[PDB]
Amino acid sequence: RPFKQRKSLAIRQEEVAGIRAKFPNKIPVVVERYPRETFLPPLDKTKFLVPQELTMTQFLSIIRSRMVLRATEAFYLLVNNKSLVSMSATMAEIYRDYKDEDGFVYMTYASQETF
């Protein structure tokens, strides 16, 4: 259930617009499951609204918070499902660098993936 297919581009834009208008300080994020994934538990929430002072490291933890896992096993958070980015980078950097056409930033969580 990928978001880019669920919602048409114009709709996604409308959403991004209304919400960036609603919260002009926060980045809009779409975290999805790696479709090749079967091991990890699904993520109940799909859309995240994050501050700019937030780091990837913190966001990953927040995403982890929504899932019940053995306190040890980590997973990878791919931006655009193709970019392994700096753990230290802020949401703002990731936003400016990897902004999708519709204004969202798209992420994908995977326990393992091969390219």
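Residue positions are given as counts along the sequence shown, with the first one as 1.
Taking only CA atoms, the mean B-factor in the PDB entry is higher for 63-71 than for the other of 50-58 and 63-71. With 1-9 and 105-113 compared on mean CA B-factor from the PDB entry, the stretch scoring higher is 1-9. Per the deposited record, the Cα B-factor of residue 33 falls in the middle third when ranked against the other modelled residues of its chain. Among the modelled residues of its chain, residue 81 has a C-alpha B-factor that falls in the highest third according to the deposited record. Among the modelled residues of its chain, residue 92 has a C-alpha B-factor that falls in the middle third, as given in the PDB entry.
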